[PDB]
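Read the structure below first, then the notes.
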Amino acid sequence: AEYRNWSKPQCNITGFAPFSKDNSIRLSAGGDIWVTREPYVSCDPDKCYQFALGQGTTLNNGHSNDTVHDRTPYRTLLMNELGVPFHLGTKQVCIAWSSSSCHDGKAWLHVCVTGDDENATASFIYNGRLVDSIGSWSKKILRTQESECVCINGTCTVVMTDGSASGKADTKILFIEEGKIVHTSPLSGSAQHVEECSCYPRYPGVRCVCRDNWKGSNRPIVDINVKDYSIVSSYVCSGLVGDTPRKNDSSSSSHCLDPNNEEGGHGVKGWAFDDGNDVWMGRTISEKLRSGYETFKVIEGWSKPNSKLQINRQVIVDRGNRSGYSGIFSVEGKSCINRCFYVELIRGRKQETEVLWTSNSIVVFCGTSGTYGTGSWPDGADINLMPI
Amino acid sequence: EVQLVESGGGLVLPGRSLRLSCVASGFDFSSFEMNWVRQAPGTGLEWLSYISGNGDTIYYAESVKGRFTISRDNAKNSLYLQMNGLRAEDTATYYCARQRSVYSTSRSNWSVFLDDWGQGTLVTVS
Amino acid sequence: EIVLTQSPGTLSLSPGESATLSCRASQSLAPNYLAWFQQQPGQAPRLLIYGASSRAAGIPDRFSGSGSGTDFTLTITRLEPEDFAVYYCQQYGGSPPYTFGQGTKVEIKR
Ligand SMILES: *[C@@H]1O[C@H](CO)[C@@H](O[C@@H]2O[C@H](CO)[C@@H](O[C@@H]3O[C@H](CO)[C@@H](O)[C@H](O[C@H]4O[C@H](CO)[C@@H](O)[C@H](O)[C@@H]4O[C@H]4O[C@H](CO)[C@@H](O)[C@H](O)[C@@H]4O)[C@@H]3O)[C@H](O)[C@H]2NC(C)=O)[C@H](O)[C@H]1NC(C)=O
Ligand SMILES: *[C@@H]1O[C@H](CO)[C@@H](O)[C@H](O)[C@H]1NC(C)=O
Ligand SMILES: *[C@@H]1O[C@H](CO)[C@@H](O)[C@H](O)[C@H]1NC(C)=O
Ligand SMILES: *[C@@H]1O[C@H](CO)[C@@H](O)[C@H](O)[C@H]1NC(C)=O
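Protein chains in written order, with the entry's author numbering: chain A, 82 to 469; chain H, 1 to 52, 52A, 53 to 82, 82A to 82C, 83 to 100, 100A to 100J, 101 to 112; chain L, 1 to 27, 27A, 28 to 95, 95A, 96 to 108.
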């Protein structure tokens, strides 16, 4: 095996076509399916893999009760091929309530954070064995991307945060070669709160679109140089902001150099990537709740501040259905790098009081240079047919 | 043209207070970030304070943190530096600098710098 | 904190020659956040190169910036009498202590 480099250009994207759907919640009503949250897709050179933070229990289980807590000792990173539901034969590759997984072309690297909130330890498991570990440096909740990391020429970069979820936090970018942390760069630039990044390879570097839980409904951008370990940071230029909660389309704004201070007190994991001067971004249709999901391109939305000329809008999940975390992952094609994204379809407690569990499904969409149609691909599970 | 004129300064006694004013002209004041840079006589440039376009984000140098206080009035296009507890080490020419951002489409990541500097104001603490 | 260190604290060159000024960052600094300023003995600082590689408006092609990470360089080919000043490299935009370099004076050698 050779080190995966991502040297091909980005594929032409005219939109996104459906790629995968697990139907996990629908299958949970008639089988042993893991309770999961915060899923992501990461691909090795041959095939793509599902990842999720299991809750240590199945849905039709007494332990699925009150599975809405983010950090428990029983949370493990589940891993199987994309399209295979998280059944009892699923492999829990590590203990983690925060995770990030990437393939360098030779072996899988898993960054897994578990332990106490104030004294968390992040384990760096490469090729199935623990190679390195770090402790919490701010003595607050240490976390990571909750999505795939990016390895360029054997150097994997992961964005880790440790600090306040509603204030200043110490975000560090960790550079990892074969599981060993060779460098650590603090976040530098205009972004004032970076967490839960969706990182994609933009050769020769790594571009991450993160989530601002402090002050911005516009998404921070982190540009990682994997050679000299330098970090630049800004915000997405488009005036159509991708974080929720947010202002409506006519009142939202972004100026690429600071948080917009427009319902920036929270956020959701999302994604964005640049197609030249334009930006392809996905966001929930609901401005307040994580209900629905849409993707569109903003013309000059990456270079021109406060750009609101949107085009090629696709409804991934309609308004009336719950969405959740979304993230980007890249696939090496024959001649170019394709940008694909997943959407988490959260179901259960904290919005739906008909059941005691909180699990999710995933729907995956890959960028396409051809044509496509419309449609909605929600969870599809009747909450009245599920076990309580 | 973009111009910044620093006011205030003069002669002050140690432990007193001063309020420099940087009046901006030729650009939308609220859209750019403002910085205070002082240069002691015979010494290099020293960056002191930073303020965002709306004043929410403010940074201070370790030397002047707690004593100095930066503020701005976007309606009056004015940048203020309220100094407190002045010492002899605060004798310097104080510059008001505006941050500028250039996209740099080759890199695509918004190079950020201080471009427009005023002629400065001399503050002597004695 | 990024601490910038200009290596040639004082430089002695001759008109028409090429001067090379270096700025060293304590940690890896992005090129986007390094700028070069030229200050005459009785004038305000003037921005020459921003982004460590791109000349400012009105700056002649004499000045050329380069470098990334921890090493940044300023090149002044075909020196002129107005190019003998104090040159500062500043880290701005990366981390809140936006400090300047200690400065580099370019002098006429005789
Ligand atoms: C965050 O996590 C880090 C990493 O886990 C923590 O750092 C470790 O902390 C532990 C506990 O403080 C520490 O282990 C101690 O080392 C001491 C010497 O360095 C030992 O003396 C001590 O043993 C005593 O305490 C134990 C209970 O903690 C007893 O079980 C043990 O029998 C010993 O008790 C006897 O001896 C003492 C001293 O002679 C005596 O006073 C008692 O009465 C009794 O007779 C522990 O082994 C690790 O060395 C630390 N590791 C690192 C890398 O730092 C950190 O504390 C955590 N922080 C928070 C806030 O959670
Ligand atoms: C579920 O968990 C809650 C809180 O821990 C507890 O009160 C309740 O008894 C549990 N069981 C059911 C069936 O709700
Ligand atoms: C990858 O890094 C190695 C050194 O570790 C070296 O071959 C070269 O710098 C890189 N190779 C490619 C093809 O980029
Ligand atoms: C949201 O409502 C309308 C758009 O439908 C808009 O005019 C209004 O200003 C928005 N709200 C705020 C607070 O701007």
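Each residue gets a CB set at the ideal place from its N, CA and C atoms; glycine is no exception.
Cross-chain neighbours of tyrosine 32(L) in chain A, by beta carbon under 9 Å: Walking along the third sequence from the start, residue 32(L) turns up at place 33. Neighbours of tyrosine 32(L) on chain A, chain order: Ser269, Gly270, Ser311 and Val313.
Thinking C-alpha only, which one of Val239(A), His274(A) and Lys249(A) is nearest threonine 265(A)? In the first sequence, counting from the first residue as 1, residue 265(A) sits at position 184. When only C-alpha atoms are compared, the closest one is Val239(A).
At a CB distance below 8 Å, what residues from the segment 70-84 of chain L approach chain H? Give them in sequence order. Residues: none.
Pick from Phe167(A), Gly351(A), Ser314(A) and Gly373(A): whose alpha carbon is nearest that of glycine 401(A)? Locating residue 401(A) in the first sequence gives position 320, where the first residue counts as 1. Taking only the C-alpha atoms, the option nearest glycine 401(A) is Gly373(A).
So that I know if they touch, is there some Cβ in chain H lying closer than 8 Å to that of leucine 437(A)? As a position in the first sequence, residue 437(A) is number 356, starting the count at 1. Not an interface residue.
Does the beta-carbon distance from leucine 47(L) to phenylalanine 62(L) come in below 8 Å? Along the third sequence, one-based indexing puts residue 47(L) at 48. Along the third sequence, one-based indexing puts residue 62(L) at 63. Yes.
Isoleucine 106(A) lies in the beta strand (DSSP E); which residues open and close that run? Counting from one through the first sequence, the residue named residue 106(A) turns up at place 25. Taken as a continuous stretch (DSSP letters only), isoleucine 106(A) belongs to no beta strand (DSSP E), being part of the alpha helix (DSSP H) at 105-109.
Going along the chain, which residues of the segment 332-360 of chain A sit with their C-beta nearer than 8 Å to a C-beta in chain H? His336, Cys337, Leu338, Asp339, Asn342, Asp355 and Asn358
Can you pull the chain H neighbours of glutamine 100(L), defined as C-beta to C-beta under 7 Å? Here residue 100(L) is taken as the residue at index 102 of the third sequence, counted from 1. For a Cβ distance threshold of 7 Å, residue set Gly44 of chain H lies close to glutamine 100(L), ordered along the chain.
Proximal chain A residues relative to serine 67(L), where beta-carbon distance stays under 8 Å: The sequence position of residue 67(L) within the third sequence is 68, counting from 1. Chain A residues near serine 67(L): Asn306, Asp309 and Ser311.
Does the Cβ-Cβ distance between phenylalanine 100(A) and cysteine 447(A) come in under 8 Å? What you label residue 100(A) is simply residue 19 of the first sequence in a count that begins at 1. What you label residue 447(A) is simply residue 366 of the first sequence in a count that begins at 1. It is a contact, given that the beta carbons lie within the stated cut-off.
For a contact defined as C-beta to C-beta under 9 Å, what are the partners of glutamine 273(A) on chain H? Here residue 273(A) is taken as the residue at index 192 of the first sequence, counted from 1. Within chain H, the residues near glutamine 273(A) are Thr56.
Return yes when the Cβ of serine 298(A) is within less than 8 Å of the Cβ of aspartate 339(A), no when it is not. Counting from 1 along the first sequence, the entry for residue 339(A) is found at position 258. Counting from 1 along the first sequence, the entry for residue 298(A) is found at position 217. Against a cut-off of 8 Å, the Cβ pair of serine 298(A) and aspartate 339(A) comes out as no contact.
What are the start and end residues of each continuous beta strand (DSSP E) run of 3 or more residues lying completely inside the segment 158-183 of chain A, in chain order? 172-176
Count the C-beta pairs between the segment 294-311 of chain A and the segment 230-246 of chain A that are closer than 8 Å, then say yes if the count reaches three, no if not. yes
Just to confirm, does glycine 244(A) get its C-beta within under 7 Å of one of the non-hydrogen atoms of ligand 1? Mapped onto the first sequence, residue 244(A) falls at position 163. Outside the cutoff, so no.
Measuring only from the beta carbon, is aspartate 147(A) closer than 7 Å to any heavy atom that is part of ligand 2? Here residue 147(A) is taken as the residue at index 66 of the first sequence, counted from 1. Yes - ligand 2 has a heavy atom lying nearer than 7 Å to the Cβ of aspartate 147(A).
Could you tell me the distance, in whole angstroms, from the CA atom of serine 22(L) to the CA atom of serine 94(L)? Counting from 1 along the third sequence, the entry for residue 22(L) is found at position 22. Counting from 1 along the third sequence, the entry for residue 94(L) is found at position 95. Approximately 20 Å, taken between the alpha carbons.
I believe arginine 292(A) touches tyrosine 316(A) by the beta-carbon criterion, under 8 Å. Please report the beta-carbon distance rounded to the nearest angstrom. Here residue 292(A) corresponds to residue number 211 of the first sequence, with the count starting at 1. Here residue 316(A) corresponds to residue number 235 of the first sequence, with the count starting at 1. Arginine 292(A) to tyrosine 316(A), Cβ: 12 Å. No contact.
In chain H, what lies closer than 8 Å to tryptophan 383(A) by C-beta? Along the first sequence, read from residue 1 onward, the residue named residue 383(A) stands at position 302. Within 8 Å Cβ-Cβ: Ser100D.
If you reduce the DSSP assignment to three classes, tell me which class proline 99(A) lands in. Start at 1 with the first residue of the first sequence, and residue 99(A) comes out as number 18. If DSSP states are grouped into helix, strand and coil, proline 99(A) belongs with the strands.
Closest by CA to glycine 260(A), which one among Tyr284(A), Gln391(A), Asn200(A) and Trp189(A)? Against the first sequence, residue 260(A) aligns to sequence position 179. The residue with the shortest Cα to Cα distance from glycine 260(A) is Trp189(A).
Starting from the Cα of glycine 454(A), find the closest Cα among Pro468(A), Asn393(A) and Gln136(A) and give me that residue. The residue labelled residue 454(A) in the question sits at position 373 within the first sequence. Closest option to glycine 454(A), Cα to Cα, is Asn393(A).
Give the DSSP-derived three-state secondary structure of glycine 143(A) in the structure shown. Position 62 of the first sequence, counting from 1, holds the residue named residue 143(A). Reduced to three states, the DSSP call for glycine 143(A) is helix.
Under the three-state reduction of DSSP, which class applies to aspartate 70(L): helix, strand or coil? In the third sequence, counting from the first residue as 1, residue 70(L) sits at position 71. Three-state DSSP puts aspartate 70(L) in a strand.
For a contact defined as C-beta to C-beta under 7 Å, what are the partners of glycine 50(L) on chain A? Counting from one through the third sequence, the residue named residue 50(L) turns up at place 51. What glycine 50(L) touches in chain A: nothing, since even the nearest Cβ is about 10 Å away.
Whose CB is closer than 7 Å to a heavy atom of ligand 3? List the residues in chain order. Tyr84(A), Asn86(A), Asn234(A) and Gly235(A)
Collapsed DSSP secondary structure at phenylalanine 67(H) in the structure displayed: As a first step, residue 67(H) must be located in the second sequence, where it is residue number 68. Looking at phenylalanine 67(H) - three-state DSSP - the assignment turns out to be coil, as it is neither helix nor strand.
Give the straight-line distance between the Cα atoms of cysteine 92(A) and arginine 420(A), rounded to the nearest whole angstrom. If you number the first sequence from 1, residue 92(A) lands on position 11. If you number the first sequence from 1, residue 420(A) lands on position 339. C-alpha separation (whole angstroms): 8 Å.
For a test of your reading of the model: does the CB of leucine 370(A) fall under 7 Å from any non-hydrogen atom of ligand 2? Yes or no. Indexing the first sequence from 1 puts residue 370(A) at position 289. No, since every heavy atom of ligand 2 falls outside the 7 Å radius drawn around the Cβ of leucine 370(A).
Would the segment 278-286 of chain A and the segment 212-221 of chain A be scored as touching if the rule is three or more Cβ pairs under 8 Å? Counting C-beta pairs with one atom in each stretch, the segment 278-286 of chain A and the segment 212-221 of chain A have fewer than three that are closer than 8 Å, which means they do not touch.
Less than 8 Å separating the beta-carbons of residue 124(H) and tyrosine 90(H)? Not covered by the structure: residue 124(H). The range shown for chain H is 1 to 112.
Please compile the residues from chain L whose C-beta is within a distance smaller than 8 Å of the C-beta of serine 266(A). Position 185 of the first sequence, counted from the start, is the residue given in the question as residue 266(A). Residues of chain L passing the Cβ test: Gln27 and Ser27A.
Contacts that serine 18(L) makes with chain A (C-beta to C-beta distance below 8 Å): As a first step, residue 18(L) is located in the third sequence; it is residue number 18 there, counting from the start. Residues of chain A passing the Cβ test: none, with the nearest at roughly 25 Å.
Check: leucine 437(A) C-beta below 7 Å from any heavy atom of ligand 2: Position 356 of the first sequence holds residue 437(A). At least one heavy atom of ligand 2 sits closer than 7 Å to the Cβ of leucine 437(A).
Could you say which of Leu4(H), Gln39(H), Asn35(H) and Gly54(H) lies nearest to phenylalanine 27(H) if we only look at CA atoms? Here residue 27(H) refers to the residue found at position 27 of the second sequence. For the residues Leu4(H), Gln39(H), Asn35(H) and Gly54(H), the minimum Cα distance to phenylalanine 27(H) belongs to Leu4(H).
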